[PDB]
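In what follows, a single structure is set out as C-alpha cells and then discussed.
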Amino acid sequence: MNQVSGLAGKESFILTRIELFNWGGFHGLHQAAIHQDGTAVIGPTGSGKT
Amino acid sequence: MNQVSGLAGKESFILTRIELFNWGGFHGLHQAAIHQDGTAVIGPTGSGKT
Amino acid sequence: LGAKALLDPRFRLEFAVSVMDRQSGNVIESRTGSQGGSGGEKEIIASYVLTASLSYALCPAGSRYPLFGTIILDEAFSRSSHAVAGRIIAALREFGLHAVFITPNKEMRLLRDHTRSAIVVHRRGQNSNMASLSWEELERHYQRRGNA
Amino acid sequence: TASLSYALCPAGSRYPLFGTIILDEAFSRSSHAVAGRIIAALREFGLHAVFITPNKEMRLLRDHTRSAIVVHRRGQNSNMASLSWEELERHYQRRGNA
Amino acid sequence: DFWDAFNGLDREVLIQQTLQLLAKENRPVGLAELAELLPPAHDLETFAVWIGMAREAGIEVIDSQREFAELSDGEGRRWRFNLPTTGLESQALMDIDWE
Ligand SMILES: Nc1ncnc2c1ncn2[C@@H]1O[C@H](COP(=O)(O)OP(=O)(O)O)[C@@H](O)[C@H]1O
Ligand SMILES: Nc1ncnc2c1ncn2[C@@H]1O[C@H](COP(=O)(O)OP(=O)(O)O)[C@@H](O)[C@H]1O
Ligand SMILES: [Mg+2]
C-alpha cells in the first residue's frame, strides 16, 4: 500500500495535527495526531468525533 | 429481554411469513419466514432488502 | 390553525420529550425536537418517541397489548453505537413490539444477541432472491457438573 | 471526490495542493464491497483521507489507515488520545488476559 | 463494545480459508460441514458470508430443505443453528473474482 502512499507528503500538504482548547466538551487543552498515510477516528456514539 | 416474546403471539398478531412474485428484482415466486422472537434481514448493497 | 386551536382537541396542548433523572427525578433535557444532538443520539430520540407514539396509535384505550404488534426498522442502527442500539431494542421490547431489523451486514454481533432468525438476500445480474436461517440456545446445561 | 480532486489542483498541476479530505459518517450505508471501491477511488484521486466511524466496520479501517484517534465521553468532558493500530492491538492483548 | 468490534471478522481471510478447504476436499460440502471443519467465532456473519459466496457463483440454495449444526462461545454457551441445504463447489467459487 505504501507504494501508492508516496504521493502523500511529497506533492501536497497533508493534515498531521489538531489542537483544541475548551471547544465543546474538551475542557482544557488537547491534541490529536494524524498519520500522513491516513487516520480513523473512533469512539462511542456522541463523544466528540464531530 | 428475549424471553419476553412469550406475550407476543398470544396477546397480539405478529408477522410470520412473506411472499413475493415478480416484485422488484425478485423474478418468479419467492418466500421468506419470520421468527417469533425477532429477526434480521442481511445482505450487501443493493441486494434488495429495502 | 387559528380555528384549529379553538375547535380541535389535538391543538389544545403542545408536546415535548423530556429526560428524567432516575434517582432525583430532576429533568435535564426538555427536548422539544432533535435540533442539535450528535446523530445516533438523534436516532435514539427518534426511535424512542416514534415507538411510543406507535404504541399509542395501535392500542385501543385501556389496552396494554396492541392488537397489531410488529414494527419495521430499515437501516436500523445505521449510525448508532452498540450501546445505543441495545437500549433501543430494550425500549422496543418494553413496549412489547416484535422488531424486524434491516442492516447491510453491519452490527451483526448485535442482532446475534437479540434475534433468532435471519433472511439473507443476494443479487446476481438482474435477479435477486432470499434464503432463511434460524438459531437457538441449548439452555439445558452449558457443561454438566462444571462452572456455569 | 473527483470534483474536489480537480478543484484543489492548481492550474497546470496534476496533484491537489491540499490533500486532506474528511468523511464524516464515512460508510454508514455501504457494505465492504462498496466501501472498498470508495477507498480505492478516494486514494486514486490523490487525496489523503481522514475517516470517522462510531465503531462500525472496524476491520476495514485497519486495512487502509495506520493510526486511530480514540475519543471517549465522561460526564460533560470528552478526552482524546492518539494511538497506532499496533499499540491498540497490544492494549487489546493486555485485555486478552481476561 | 470497542474491543468486540476490534475483534471483528476478517471477511477476506475467510474467503481464502474456505477456498483452501474447498481445494483440499474437492467435493460438494454442506454448510454444517464447513462449520464443523472451520469453527467460526462470528458464526452468524460467517454463515451469511458463506451463503453470499454460494449465491455469487450461482450455486443455488435449497431453502425448503433443512440441516443443523452446533457451535459454542468463549464463555461456554452453546447454540444449535438451523440452516438451509446447499453444497459448495470449488470450481465455481474460483471462477468468480472476489472483492
Ligand atoms: N453545540 C452543541 N449542540 C448540541 N449538543 C452538543 C453541542 N456540543 C456538545 N453537544 C454534546 O456533546 C456531543 C456533541 O456531538 P458529537 O458527539 O460530536 O456527534 P457525533 O457522535 O455524531 O460525532 C454530543 O454528545 C452532545 O450531546
Ligand atoms: N424504482 C427503481 N429505481 C431505480 N433503481 C431501482 C428501482 N427498483 C429497483 N432498482 C434496483 O433494484 C435494487 C433496489 O434497491 P435495493 O437492492 O433493495 O437496496 P438495498 O439492498 O441497499 O436495501 C437496487 O439494486 C436498484 O438498483
Ligand atoms: Mg458526529
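Chains: A, B, ... in order of the C-alpha cells. Residues: from 1 per chain. Ligands: from 1, in order shown.
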Provide as a PyMOL selection string the residues of chain B at most 10 Å from chain D, counting only C-alpha atoms. chain B and resi 43-46
Write out the residues from the selection above, keeping N, CA, C and O atoms, as a compact mmCIF listing (two decimals), in the first residue's frame.
```txt
# COMPACT_ATOMS: atom_id res chain seq x y z
N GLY B 43 -27.72 -8.47 3.91
CA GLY B 43 -27.21 -8.63 2.57
C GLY B 43 -26.33 -7.47 2.16
O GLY B 43 -26.19 -6.48 2.89
N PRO B 44 -25.71 -7.57 0.98
CA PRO B 44 -24.84 -6.49 0.52
C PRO B 44 -25.63 -5.32 -0.04
O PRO B 44 -26.86 -5.32 -0.09
N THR B 45 -24.89 -4.29 -0.45
CA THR B 45 -25.50 -3.09 -1.00
C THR B 45 -26.35 -3.43 -2.22
O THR B 45 -25.97 -4.26 -3.05
N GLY B 46 -27.51 -2.79 -2.31
CA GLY B 46 -28.39 -3.01 -3.45
C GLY B 46 -28.88 -4.43 -3.57
O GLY B 46 -29.33 -4.83 -4.65
```
Can you list, as a count of residues only, every residue of chain B that DSSP puts in strand (DSSP E or B)? 20
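Counting from CA of residue 56 (chain C), the distance to CA of residue 70 (chain C) is 13.8 Å.
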Please, which residues in chain E fall within 12 Å of chain A when counting only C-alpha atoms, and what is the closest atom pair and distance in Å to one decimal for each, ordered by chain then residue number, as CSV?
```
residue,atom,partner,partner_atom,distance
E:1,CA,A:44,CA,8.6
E:2,CA,A:43,CA,7.6
E:3,CA,A:43,CA,11.0
E:5,CA,A:42,CA,10.9
E:6,CA,A:42,CA,10.7
```
Using the selection just defined, write its residues with N, CA and C atoms as a PDB file, in the first residue's frame.
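And here is the file that came out, selection-v7.pdb:
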```pdb
ATOM      1  N   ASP E   1     -17.645  -3.059  24.005  1.00  0.00           N
ATOM      2  CA  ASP E   1     -18.073  -2.927  22.614  1.00  0.00           C
ATOM      3  C   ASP E   1     -16.906  -2.558  21.705  1.00  0.00           C
ATOM      4  N   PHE E   2     -16.037  -1.657  22.167  1.00  0.00           N
ATOM      5  CA  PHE E   2     -14.894  -1.238  21.361  1.00  0.00           C
ATOM      6  C   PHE E   2     -14.050  -2.437  20.955  1.00  0.00           C
ATOM      7  N   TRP E   3     -13.764  -3.324  21.907  1.00  0.00           N
ATOM      8  CA  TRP E   3     -12.863  -4.437  21.632  1.00  0.00           C
ATOM      9  C   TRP E   3     -13.601  -5.582  20.951  1.00  0.00           C
ATOM     10  N   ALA E   5     -15.864  -5.002  18.575  1.00  0.00           N
ATOM     11  CA  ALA E   5     -15.718  -4.588  17.183  1.00  0.00           C
ATOM     12  C   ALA E   5     -14.276  -4.743  16.716  1.00  0.00           C
ATOM     13  N   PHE E   6     -13.316  -4.394  17.577  1.00  0.00           N
ATOM     14  CA  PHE E   6     -11.908  -4.538  17.227  1.00  0.00           C
ATOM     15  C   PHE E   6     -11.548  -5.993  16.962  1.00  0.00           C
TER      16      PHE E   6
END
```
Nearest residue to chain C out of E:35, E:25, E:15, E:4, using only C-alpha atoms?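 Selected residue with least distance to chain C: E:4.
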Find the residues of chain C in contact range of chain E, meaning any atom within 12 Å when counting only C-alpha atoms, and list them as a PyMOL selection string. chain C and resi 81-86+104-113+115-125+127-144+146-148
Taking the DSSP assignment computed from this structure's backbone, write out as a PyMOL selection string all residues of chain A that belong to helix (DSSP H, G or I). chain A and resi 2-5
Keeping only N, CA and C atoms, write those residues as a PDB file, in the first residue's frame.
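Written output follows (result22.pdb):
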```pdb
ATOM      1  N   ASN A   2       2.015   1.182   0.673  1.00  0.00           N
ATOM      2  CA  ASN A   2       2.896   2.339   0.773  1.00  0.00           C
ATOM      3  C   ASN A   2       3.412   2.792  -0.584  1.00  0.00           C
ATOM      4  N   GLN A   3       3.375   1.917  -1.592  1.00  0.00           N
ATOM      5  CA  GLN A   3       3.817   2.314  -2.924  1.00  0.00           C
ATOM      6  C   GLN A   3       2.946   3.431  -3.484  1.00  0.00           C
ATOM      7  N   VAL A   4       1.641   3.391  -3.214  1.00  0.00           N
ATOM      8  CA  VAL A   4       0.765   4.490  -3.604  1.00  0.00           C
ATOM      9  C   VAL A   4       0.890   5.649  -2.622  1.00  0.00           C
ATOM     10  N   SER A   5       1.289   5.360  -1.380  1.00  0.00           N
ATOM     11  CA  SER A   5       1.359   6.397  -0.355  1.00  0.00           C
ATOM     12  C   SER A   5       2.495   7.380  -0.596  1.00  0.00           C
TER      13      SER A   5
END
```
Considering only C-alpha atoms, state which residue in the set A:6, A:48, A:38, A:33 is at the smallest distance from residue 18 (chain A).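 Checking each of A:6, A:48, A:38, A:33 against residue 18 (chain A), counting only C-alpha atoms, the winner is A:33.
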Two-atom distance - atom 13 (C, counted along the ligand's line) of ligand 1, CA of residue 47 (chain A) (Å): 5.5 Å
Which residues form the shell of 12 Å around ligand 3 when you count only C-alpha atoms and all ligand atoms, given as a ChimeraX atom specification? /A:41-50 /C:36-43,79-81 /D:23-26,28,51-54,71
Can I get the selection written as a PDB file, in the first residue's frame, with N, CA and C atoms?
```pdb
ATOM      1  N   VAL A  41     -10.830   7.932  13.120  1.00  0.00           N
ATOM      2  CA  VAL A  41     -11.249   8.415  14.430  1.00  0.00           C
ATOM      3  C   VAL A  41     -12.442   7.579  14.859  1.00  0.00           C
ATOM      4  N   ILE A  42     -12.353   6.986  16.045  1.00  0.00           N
ATOM      5  CA  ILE A  42     -13.352   6.045  16.529  1.00  0.00           C
ATOM      6  C   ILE A  42     -13.726   6.391  17.962  1.00  0.00           C
ATOM      7  N   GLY A  43     -14.888   5.899  18.383  1.00  0.00           N
ATOM      8  CA  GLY A  43     -15.392   6.132  19.714  1.00  0.00           C
ATOM      9  C   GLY A  43     -16.868   5.807  19.799  1.00  0.00           C
ATOM     10  N   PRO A  44     -17.416   5.782  21.011  1.00  0.00           N
ATOM     11  CA  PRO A  44     -18.851   5.528  21.155  1.00  0.00           C
ATOM     12  C   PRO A  44     -19.672   6.692  20.624  1.00  0.00           C
ATOM     13  N   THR A  45     -20.947   6.415  20.371  1.00  0.00           N
ATOM     14  CA  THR A  45     -21.829   7.434  19.817  1.00  0.00           C
ATOM     15  C   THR A  45     -21.894   8.646  20.734  1.00  0.00           C
ATOM     16  N   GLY A  46     -21.782   9.827  20.137  1.00  0.00           N
ATOM     17  CA  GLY A  46     -21.881  11.064  20.880  1.00  0.00           C
ATOM     18  C   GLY A  46     -20.780  11.243  21.903  1.00  0.00           C
ATOM     19  N   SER A  47     -19.539  11.396  21.440  1.00  0.00           N
ATOM     20  CA  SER A  47     -18.413  11.582  22.344  1.00  0.00           C
ATOM     21  C   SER A  47     -17.528  12.767  21.995  1.00  0.00           C
ATOM     22  N   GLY A  48     -17.545  13.249  20.756  1.00  0.00           N
ATOM     23  CA  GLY A  48     -16.685  14.341  20.348  1.00  0.00           C
ATOM     24  C   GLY A  48     -16.049  14.176  18.989  1.00  0.00           C
ATOM     25  N   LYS A  49     -16.401  13.136  18.234  1.00  0.00           N
ATOM     26  CA  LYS A  49     -15.838  12.978  16.897  1.00  0.00           C
ATOM     27  C   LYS A  49     -16.192  14.170  16.017  1.00  0.00           C
ATOM     28  N   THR A  50     -17.483  14.498  15.927  1.00  0.00           N
ATOM     29  CA  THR A  50     -17.881  15.634  15.108  1.00  0.00           C
ATOM     30  C   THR A  50     -17.518  16.948  15.775  1.00  0.00           C
TER      31      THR A  50
ATOM     32  N   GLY C  36     -29.763  19.949  16.915  1.00  0.00           N
ATOM     33  CA  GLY C  36     -28.548  19.589  17.606  1.00  0.00           C
ATOM     34  C   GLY C  36     -28.434  18.081  17.728  1.00  0.00           C
ATOM     35  N   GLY C  37     -27.933  17.642  18.877  1.00  0.00           N
ATOM     36  CA  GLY C  37     -27.727  16.225  19.088  1.00  0.00           C
ATOM     37  C   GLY C  37     -26.643  15.689  18.179  1.00  0.00           C
ATOM     38  N   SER C  38     -26.092  14.527  18.514  1.00  0.00           N
ATOM     39  CA  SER C  38     -24.926  14.018  17.807  1.00  0.00           C
ATOM     40  C   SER C  38     -25.264  13.248  16.541  1.00  0.00           C
ATOM     41  N   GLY C  39     -26.504  12.810  16.379  1.00  0.00           N
ATOM     42  CA  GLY C  39     -26.784  11.794  15.388  1.00  0.00           C
ATOM     43  C   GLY C  39     -26.437  10.457  15.999  1.00  0.00           C
ATOM     44  N   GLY C  40     -27.293   9.459  15.819  1.00  0.00           N
ATOM     45  CA  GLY C  40     -27.212   8.285  16.660  1.00  0.00           C
ATOM     46  C   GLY C  40     -27.932   8.579  17.959  1.00  0.00           C
ATOM     47  N   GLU C  41     -27.505   9.640  18.648  1.00  0.00           N
ATOM     48  CA  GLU C  41     -28.342  10.226  19.689  1.00  0.00           C
ATOM     49  C   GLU C  41     -29.647  10.749  19.100  1.00  0.00           C
ATOM     50  N   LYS C  42     -29.556  11.451  17.971  1.00  0.00           N
ATOM     51  CA  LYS C  42     -30.748  11.805  17.212  1.00  0.00           C
ATOM     52  C   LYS C  42     -31.561  10.560  16.887  1.00  0.00           C
ATOM     53  N   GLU C  43     -30.879   9.486  16.486  1.00  0.00           N
ATOM     54  CA  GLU C  43     -31.567   8.253  16.123  1.00  0.00           C
ATOM     55  C   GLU C  43     -32.326   7.670  17.306  1.00  0.00           C
ATOM     56  N   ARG C  79     -26.419   4.427  12.253  1.00  0.00           N
ATOM     57  CA  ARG C  79     -25.490   5.401  12.812  1.00  0.00           C
ATOM     58  C   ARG C  79     -25.545   5.447  14.334  1.00  0.00           C
ATOM     59  N   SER C  80     -25.838   4.328  14.988  1.00  0.00           N
ATOM     60  CA  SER C  80     -25.869   4.248  16.442  1.00  0.00           C
ATOM     61  C   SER C  80     -24.882   3.188  16.910  1.00  0.00           C
ATOM     62  N   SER C  81     -24.192   3.470  18.009  1.00  0.00           N
ATOM     63  CA  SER C  81     -23.228   2.529  18.550  1.00  0.00           C
ATOM     64  C   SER C  81     -23.952   1.359  19.207  1.00  0.00           C
TER      65      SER C  81
ATOM     66  N   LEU D  23     -14.347  12.563   5.852  1.00  0.00           N
ATOM     67  CA  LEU D  23     -15.576  11.820   5.576  1.00  0.00           C
ATOM     68  C   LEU D  23     -16.225  11.472   6.911  1.00  0.00           C
ATOM     69  N   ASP D  24     -17.131  12.336   7.357  1.00  0.00           N
ATOM     70  CA  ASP D  24     -17.991  12.036   8.487  1.00  0.00           C
ATOM     71  C   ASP D  24     -19.066  11.038   8.067  1.00  0.00           C
ATOM     72  N   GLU D  25     -19.417  10.139   8.984  1.00  0.00           N
ATOM     73  CA  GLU D  25     -20.341   9.056   8.664  1.00  0.00           C
ATOM     74  C   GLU D  25     -19.890   8.367   7.380  1.00  0.00           C
ATOM     75  N   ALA D  26     -18.617   7.965   7.374  1.00  0.00           N
ATOM     76  CA  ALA D  26     -17.945   7.592   6.134  1.00  0.00           C
ATOM     77  C   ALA D  26     -18.709   6.512   5.379  1.00  0.00           C
ATOM     78  N   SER D  28     -21.780   4.700   6.515  1.00  0.00           N
ATOM     79  CA  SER D  28     -22.936   4.335   7.325  1.00  0.00           C
ATOM     80  C   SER D  28     -23.930   3.454   6.577  1.00  0.00           C
ATOM     81  N   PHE D  51     -11.069   9.510   8.153  1.00  0.00           N
ATOM     82  CA  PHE D  51     -12.355   8.846   8.296  1.00  0.00           C
ATOM     83  C   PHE D  51     -12.845   8.936   9.734  1.00  0.00           C
ATOM     84  N   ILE D  52     -14.166   8.956   9.895  1.00  0.00           N
ATOM     85  CA  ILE D  52     -14.822   8.899  11.196  1.00  0.00           C
ATOM     86  C   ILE D  52     -15.839   7.770  11.157  1.00  0.00           C
ATOM     87  N   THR D  53     -15.848   6.938  12.197  1.00  0.00           N
ATOM     88  CA  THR D  53     -16.833   5.876  12.312  1.00  0.00           C
ATOM     89  C   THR D  53     -17.109   5.612  13.787  1.00  0.00           C
ATOM     90  N   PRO D  54     -18.377   5.449  14.175  1.00  0.00           N
ATOM     91  CA  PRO D  54     -18.699   5.148  15.581  1.00  0.00           C
ATOM     92  C   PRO D  54     -18.606   3.658  15.894  1.00  0.00           C
ATOM     93  N   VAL D  71     -11.594   8.514  21.061  1.00  0.00           N
ATOM     94  CA  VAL D  71     -12.224   9.575  21.839  1.00  0.00           C
ATOM     95  C   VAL D  71     -13.356   8.959  22.647  1.00  0.00           C
TER      96      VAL D  71
END
```
Quick one: everything within 9 Å of residue 26 (chain A), counting only C-alpha atoms, minus sequence neighbours fewer than 5 positions away in the same chain. Send it as a ChimeraX atom specification. /A:20-21,48 /D:76-80
Write the residues of the preceding selection, restricted to N, CA and C atoms, as a PDB file, in the first residue's frame.
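So selection01.pdb came out as:
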```pdb
ATOM      1  N   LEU A  20      -7.044  21.567  20.302  1.00  0.00           N
ATOM      2  CA  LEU A  20      -8.286  22.149  20.780  1.00  0.00           C
ATOM      3  C   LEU A  20      -8.032  22.830  22.114  1.00  0.00           C
ATOM      4  N   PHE A  21      -8.989  23.643  22.549  1.00  0.00           N
ATOM      5  CA  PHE A  21      -8.983  24.177  23.905  1.00  0.00           C
ATOM      6  C   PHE A  21     -10.384  24.650  24.248  1.00  0.00           C
ATOM      7  N   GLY A  48     -17.545  13.249  20.756  1.00  0.00           N
ATOM      8  CA  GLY A  48     -16.685  14.341  20.348  1.00  0.00           C
ATOM      9  C   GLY A  48     -16.049  14.176  18.989  1.00  0.00           C
TER      10      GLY A  48
ATOM     11  N   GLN D  76     -19.576  15.471  31.380  1.00  0.00           N
ATOM     12  CA  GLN D  76     -19.628  16.614  30.479  1.00  0.00           C
ATOM     13  C   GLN D  76     -18.271  16.966  29.885  1.00  0.00           C
ATOM     14  N   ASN D  77     -17.277  16.093  30.014  1.00  0.00           N
ATOM     15  CA  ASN D  77     -15.953  16.318  29.457  1.00  0.00           C
ATOM     16  C   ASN D  77     -15.551  15.129  28.599  1.00  0.00           C
ATOM     17  N   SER D  78     -14.993  15.418  27.427  1.00  0.00           N
ATOM     18  CA  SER D  78     -14.567  14.401  26.478  1.00  0.00           C
ATOM     19  C   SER D  78     -13.055  14.453  26.324  1.00  0.00           C
ATOM     20  N   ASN D  79     -12.429  13.280  26.330  1.00  0.00           N
ATOM     21  CA  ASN D  79     -10.984  13.156  26.219  1.00  0.00           C
ATOM     22  C   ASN D  79     -10.632  12.519  24.885  1.00  0.00           C
ATOM     23  N   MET D  80      -9.476  12.899  24.351  1.00  0.00           N
ATOM     24  CA  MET D  80      -8.980  12.367  23.091  1.00  0.00           C
ATOM     25  C   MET D  80      -7.536  11.919  23.246  1.00  0.00           C
TER      26      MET D  80
END
```
Under the rule that only C-alpha atoms are counted, which of C:65, C:95, C:77, C:15 is the nearest residue to chain D?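 Closest candidate: C:77.
The coordinates place CA of residue 98 (chain E) at 8.9 Å from CA of residue 12 (chain E).
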Given the choices C:78, C:114, C:73, C:98, which gets closest to chain A if the distance is worked out from only C-alpha atoms? C:78
Name the closest residue to chain C among the candidates D:88, D:58, D:68, D:41; distances are taken between atoms, counting only C-alpha atoms.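 Closest to chain C, using only C-alpha atoms: D:58.
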